[PDB]
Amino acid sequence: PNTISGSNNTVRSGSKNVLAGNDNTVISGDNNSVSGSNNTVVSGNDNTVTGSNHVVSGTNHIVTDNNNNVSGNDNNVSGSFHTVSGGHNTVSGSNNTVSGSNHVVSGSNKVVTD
């Protein structure tokens, strides 16, 4: 039902997830692809999550690098230590806080909302 390769990866509830690496978890969700170390999809579907220490909920995100906290729908997040919600945001750099929709945010320490 799920495809799992590595050490200490788990899916509590859901199907068709693909988890590779170590200590990755899908709490509740389907069709997520998660690769790396210590990443977590809490409640979400169809997310692509690569790198380390991400926490992701919602749908259709692409999250990479490290330590990003992402919820909502269709956010594309790179760099580190971001907090992103809402929809269709594109976030790079470090330590940005982004909510609302359709924002493209780069650099560091930015706060952007609807």
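Residue numbers here begin at 1 and follow the sequence given.
- The PDB entry reports B-factors from which the mean C-alpha value can be compared for 25-33 and 64-72; the larger average falls on 25-33.
- The mean Cα B-factor in the deposited entry runs higher for 99-107 than for the other of 99-107 and 15-23.
- In the PDB entry, a CA B factor belonging to the lowest third of its chain's modelled residues is recorded for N38.
- In the deposited entry, the Cα temperature factor of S52 places it in the lowest third of its chain's modelled residues.
- In the deposited entry, the Cα temperature factor of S78 sits in the bottom third of values across the chain's modelled residues.
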